[PDB]
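**Student:** Once you've had a glance at the structure underneath, I'll fire off some questions.
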Amino acid sequence: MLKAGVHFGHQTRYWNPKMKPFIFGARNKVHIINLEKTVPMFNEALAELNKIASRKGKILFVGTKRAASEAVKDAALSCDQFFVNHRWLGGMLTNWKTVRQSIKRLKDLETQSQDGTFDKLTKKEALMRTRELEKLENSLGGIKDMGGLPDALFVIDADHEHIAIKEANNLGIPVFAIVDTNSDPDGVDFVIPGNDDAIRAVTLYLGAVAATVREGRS
RNA sequence: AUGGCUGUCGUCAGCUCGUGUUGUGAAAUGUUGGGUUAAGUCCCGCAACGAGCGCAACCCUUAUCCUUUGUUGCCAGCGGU
């Protein structure tokens, strides 16, 4: 489960004192996460996360910053699971009700789009409707086939995606976050002290998570 | 005391609501911000996501062309008048 890796921590600026148990913290004004603390934390997250993944649950990867996209689309979509990669709408969990009818409009407009009446009656309004499918497709992308509110939540940055953590704490959903030294372990049930903005680190990181999700009872 | 009908701010671009969130609360957000527009018009962003009344369009008329019918309306080409 342990591989020598490349991130070793980051974020000189705006570091958070609640990350003080997780910091080794030496070099050149920047903070180094104690990865000897990360490895048991991340193995625990794989443990409980595989435990809910084997109970046939829905996981909802969250990847708004770049380049977490399309790495969260690649990792969630490598499993049979769900994702948010563009702007996470304020309240797609806590009013999922209204977001249910927006997802319903995305389904009705893609069914109307590639099969039904798309060339019908107008060119301009048809262009309008297609770019409504671009907007509703990139905002409600992964979540469009969920049909429930999910059994866990896996966010890739705790301070950048504080809204989703705040809602999953509001609803009693287990939050699995890779925090950095600027972030805050709010209500993150399974904190992982890592590096949020390195693409090597998040592809290794989501590689491991997507690896352990796609083992159910099989 | 009223209904119905009317003027007016003003054909001004505004007025709200559901769900969510924030605030002890009155309330706030949405509706603000960068552009743009005749227009909360439209895009982008964003703890908001959407929806309604309004704006726009559908209506009448006016401006061009085609088809049909050609009286009482018209007379290009024909005949005499």
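Following the order of the structure tokens, chains are lettered A, B, ..., residues in each are numbered from 1, and ligands are numbered from 1.
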Report as a count of residues only all protein, DNA and RNA residues lying within 6 Å of stretch 72-75 of chain A, evaluated on only C-alpha atoms (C1' of nucleotides), omitting residues in the same chain fewer than 3 positions from it.

**Tutor:** 5

**Student:** Within 12 Å of chain B, which residues belong to chain A? Use only C-alpha atoms (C1' of nucleotides) and report them as a PyMOL selection string.

**Tutor:** chain A and resi 87-103+105+128+131+135-136+139-140+162-164+166-167+170

**Student:** For residue B:45, find every residue with an atom within 12 Å (counting only C-alpha atoms (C1' of nucleotides)), except residues of its own chain fewer than 3 positions away, and show them as an MDAnalysis selection string.

**Tutor:** (chainID A and resid 87) or (chainID B and resid 32:35)

**Student:** Using N, CA, C and O atoms (P, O5', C5', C4', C3', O3' and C1' of nucleotides), can you write the selected residues to a file as a PDB file, in the first residue's frame?

**Tutor:**
ATOM      1  N   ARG A  87     -18.130  23.828 -11.564  1.00  0.00           N
ATOM      2  CA  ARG A  87     -18.595  24.512 -10.344  1.00  0.00           C
ATOM      3  C   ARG A  87     -19.654  23.701  -9.647  1.00  0.00           C
ATOM      4  O   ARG A  87     -20.709  23.441 -10.188  1.00  0.00           O
TER       5      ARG A  87
ATOM      6  P     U B  32     -29.276  42.653  -9.511  1.00  0.00           P
ATOM      7  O5'   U B  32     -28.008  42.757  -8.558  1.00  0.00           O
ATOM      8  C5'   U B  32     -27.967  43.708  -7.483  1.00  0.00           C
ATOM      9  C4'   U B  32     -26.719  43.468  -6.675  1.00  0.00           C
ATOM     10  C3'   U B  32     -25.411  43.537  -7.446  1.00  0.00           C
ATOM     11  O3'   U B  32     -24.916  44.881  -7.538  1.00  0.00           O
ATOM     12  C1'   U B  32     -25.433  41.555  -6.148  1.00  0.00           C
ATOM     13  P     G B  33     -24.120  45.338  -8.839  1.00  0.00           P
ATOM     14  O5'   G B  33     -22.833  44.400  -8.828  1.00  0.00           O
ATOM     15  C5'   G B  33     -21.702  44.633  -7.971  1.00  0.00           C
ATOM     16  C4'   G B  33     -20.580  43.681  -8.345  1.00  0.00           C
ATOM     17  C3'   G B  33     -20.099  43.772  -9.783  1.00  0.00           C
ATOM     18  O3'   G B  33     -19.128  44.795  -9.957  1.00  0.00           O
ATOM     19  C1'   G B  33     -20.467  41.497  -9.244  1.00  0.00           C
ATOM     20  P     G B  34     -19.040  45.558 -11.330  1.00  0.00           P
ATOM     21  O5'   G B  34     -18.356  44.479 -12.294  1.00  0.00           O
ATOM     22  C5'   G B  34     -16.972  44.074 -12.198  1.00  0.00           C
ATOM     23  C4'   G B  34     -16.537  43.516 -13.524  1.00  0.00           C
ATOM     24  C3'   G B  34     -17.069  44.253 -14.748  1.00  0.00           C
ATOM     25  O3'   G B  34     -16.251  45.342 -15.137  1.00  0.00           O
ATOM     26  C1'   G B  34     -17.464  41.932 -14.992  1.00  0.00           C
ATOM     27  P     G B  35     -16.879  46.510 -15.989  1.00  0.00           P
ATOM     28  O5'   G B  35     -16.934  45.949 -17.476  1.00  0.00           O
ATOM     29  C5'   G B  35     -18.083  46.189 -18.305  1.00  0.00           C
ATOM     30  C4'   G B  35     -18.161  45.145 -19.387  1.00  0.00           C
ATOM     31  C3'   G B  35     -19.281  45.342 -20.395  1.00  0.00           C
ATOM     32  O3'   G B  35     -18.948  46.268 -21.409  1.00  0.00           O
ATOM     33  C1'   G B  35     -19.340  43.120 -19.661  1.00  0.00           C
TER      34        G B  35
END

**Student:** Hey, what's within 10 Å of residue A:186 if we count only C-alpha atoms (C1' of nucleotides) and toss same-chain stuff fewer than 4 positions away? As a list in words, please?

**Tutor:**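 Near residue A:186, the qualifying residues are residues 18, 158, 159, 162, 165, 166, 169, 175 and 191 of chain A.
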
**Student:** What's around residue A:145 at 12 Å? Count only C-alpha atoms (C1' of nucleotides), leave out sequence neighbours fewer than 6 positions away in its own chain, and write the answer as a list in words.

**Tutor:**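 Final neighbour list, sorted by chain and number: residues 58, 60, 77, 80, 81, 82, 83, 100, 103, 104, 106, 107 and 137 of chain A.
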
**Student:** With DSSP run on the backbone, what are the helix (DSSP H, G or I) residues within stretch 80-185 of chain A? I'd like them as a ChimeraX atom specification.

**Tutor:** /A:96-114,124-139,142-145,162-171

**Student:** Would you compute the distance between atom CA of residue A:12 and atom CA of residue A:192? Give it in Å to one decimal.

**Tutor:**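 We find that atom CA of residue A:12 and atom CA of residue A:192 lie 18.4 Å from each other.
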
**Student:** Hey, what's within 10 Å of residue B:13 if we count only C-alpha atoms (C1' of nucleotides) and toss same-chain stuff fewer than 6 positions away? As a ChimeraX atom specification, please?

**Tutor:** /B:39-40,54-55

**Student:** Please produce an output containing N, CA, C and O atoms (P, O5', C5', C4', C3', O3' and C1' of nucleotides) for each residue in the selection, written as a PDB file, in the first residue's frame.

**Tutor:**
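Result went into result_17.pdb, see below:
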ATOM      1  P     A B  39     -31.548  49.598 -21.555  1.00  0.00           P
ATOM      2  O5'   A B  39     -32.372  48.487 -20.756  1.00  0.00           O
ATOM      3  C5'   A B  39     -33.629  48.796 -20.161  1.00  0.00           C
ATOM      4  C4'   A B  39     -34.468  47.543 -20.052  1.00  0.00           C
ATOM      5  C3'   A B  39     -33.769  46.272 -19.594  1.00  0.00           C
ATOM      6  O3'   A B  39     -33.634  46.279 -18.165  1.00  0.00           O
ATOM      7  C1'   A B  39     -35.195  45.815 -21.437  1.00  0.00           C
ATOM      8  P     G B  40     -32.138  46.377 -17.525  1.00  0.00           P
ATOM      9  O5'   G B  40     -32.004  44.957 -16.830  1.00  0.00           O
ATOM     10  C5'   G B  40     -32.903  44.642 -15.781  1.00  0.00           C
ATOM     11  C4'   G B  40     -32.980  43.157 -15.580  1.00  0.00           C
ATOM     12  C3'   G B  40     -34.309  42.504 -15.905  1.00  0.00           C
ATOM     13  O3'   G B  40     -34.188  42.064 -17.292  1.00  0.00           O
ATOM     14  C1'   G B  40     -33.402  41.700 -13.823  1.00  0.00           C
ATOM     15  P     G B  54     -47.922  38.816 -17.435  1.00  0.00           P
ATOM     16  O5'   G B  54     -46.629  39.797 -17.506  1.00  0.00           O
ATOM     17  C5'   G B  54     -46.895  41.172 -17.262  1.00  0.00           C
ATOM     18  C4'   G B  54     -45.725  42.073 -16.949  1.00  0.00           C
ATOM     19  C3'   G B  54     -44.814  42.473 -18.058  1.00  0.00           C
ATOM     20  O3'   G B  54     -45.322  43.415 -18.970  1.00  0.00           O
ATOM     21  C1'   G B  54     -43.530  42.156 -16.168  1.00  0.00           C
ATOM     22  P     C B  55     -44.878  43.328 -20.488  1.00  0.00           P
ATOM     23  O5'   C B  55     -43.303  43.390 -20.452  1.00  0.00           O
ATOM     24  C5'   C B  55     -42.691  44.647 -20.418  1.00  0.00           C
ATOM     25  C4'   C B  55     -41.249  44.523 -20.895  1.00  0.00           C
ATOM     26  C3'   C B  55     -41.055  44.041 -22.320  1.00  0.00           C
ATOM     27  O3'   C B  55     -41.284  45.053 -23.291  1.00  0.00           O
ATOM     28  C1'   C B  55     -39.514  42.925 -20.914  1.00  0.00           C
TER      29        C B  55
END
